[PDB]
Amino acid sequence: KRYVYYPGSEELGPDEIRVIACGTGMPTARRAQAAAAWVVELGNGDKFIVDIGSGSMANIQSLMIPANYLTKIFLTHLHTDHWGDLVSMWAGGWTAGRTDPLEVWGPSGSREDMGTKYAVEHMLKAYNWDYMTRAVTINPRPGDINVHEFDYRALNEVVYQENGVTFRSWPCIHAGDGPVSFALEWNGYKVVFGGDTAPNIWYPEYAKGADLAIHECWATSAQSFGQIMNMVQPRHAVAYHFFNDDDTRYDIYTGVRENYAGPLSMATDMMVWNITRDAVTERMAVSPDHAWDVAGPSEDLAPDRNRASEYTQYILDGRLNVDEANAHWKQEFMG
């Protein structure tokens, strides 16, 4: 294998997993470091997004994956740094050839309006102008989002079970009731997406023997992160959710290494993990900054001509005549 990972370029083994950090940073996205996002690709052809915070969509688009393959989204919690770029995935996939609705698994809160189902319904209402104007010229079928809201308090319970893939959830201690951690279990592998938490009694039990154990680390201190991973004994630990600059990262590393000796990644954007029977391998992805979307399906639409136009004649009557300025390139192009 190449010492760096070029997205689009490597076949996945049937008993292989590929996990890509598409965001690793603090609440704000910064230029070096988008907010929390993960892409899981399974050797069976299944692909999931675990969190999709502010700024992460530029990193996801650089994987060259057709939108119709990235329709299942898991949210750890409803911080803007964990789902702020769902709207970019929603609208941009519905302009880049996604033909299915998006599917989102997210936790409930202590009440209706503290839950993922409420949050997504109001986000779609937020962008009603976008939805209603676009749906005049393009079948809206993909503009939907189907929310699978699970119980936040459930202790390591299944929330997903399709095609030999299980996601399970357990609670986190973070800001307010609702956040959770996920175990992804497939073909004898376990991948643990920590989300955000203060040190709790659930993660060390339910994460145990994970091939890849992701956990927040600054909330959870670097000495705790070390205590937690000592207990879990994962094949590989990943620390994330801190700034990657030349004056904390190194003492974070030290602080972990006080109680945890096992294989350890200090996650940065576009860091990549290959899980096979023999190894857990860490590389960097080298991906286009000047990204475009790549076709996959691009599988017709067939728009309804019954829907009312969102224009009035008052607006349409402002059209400028540009027939002259466009004539030459027009002619030449229609040839």
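For every residue, the number given is its place in the sequence shown, counted from 1.
Enquirer: What number of deposited residues lacks coordinates in the span between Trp218 and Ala219: none, 1 to 3, 4 to 9, or 10 or more?
Expert: Missing in between: 10 or more residues.
Enquirer: Could you settle it for me: does 260-268 or 133-141 have the higher average Cα B factor in the PDB entry?
Expert: According to the PDB entry, the answer is 133-141.
Enquirer: Would 220-228 or 88-96 have the larger average of its C-alpha temperature factors, as given in the entry?
Expert: For C-alpha atoms only, the mean B-factor is higher in 88-96.
Enquirer: Whose C-alpha has the highest temperature factor in the PDB entry: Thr248, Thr71, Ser169, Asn163?
Expert: Among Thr248, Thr71, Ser169, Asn163, the PDB entry lists the largest C-alpha B-factor for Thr248.
Enquirer: When you compare the CA B-factors of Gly43, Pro297, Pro288, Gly55 as listed in the entry, which one comes out on top?
Expert: Answer for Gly43, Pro297, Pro288, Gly55: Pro297, with the highest C-alpha B-factor.
Enquirer: Going by what the PDB entry lists, where does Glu205 fall on CA B-factor within its chain: lowest, middle or highest third?
Expert: Tercile = highest for this residue's CA B-factor.
Enquirer: Comparing against every modelled residue in the chain, figure out the third that the C-alpha B-factor of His241 lands in (lowest, middle or highest).
Expert: Highest third - that is where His241 ends up once the chain's C-alpha B-factors are sorted.
Enquirer: State the tercile, meaning the lowest, middle or highest third, of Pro101 with respect to the CA B-factors recorded for its chain.
Expert: Highest third, going by the recorded CA B-factors of the chain.
Enquirer: For the chain shown, is the CA B-factor of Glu157 in the lowest, middle or highest third of its modelled residues?
Expert: CA B-factor rank for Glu157: highest third.
Enquirer: Where does the C-alpha B-factor of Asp293 rank in its chain, lowest, middle or highest third?
Expert: Its C-alpha B-factor, which the entry lists for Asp293, ranks in the highest third among residues of this chain.
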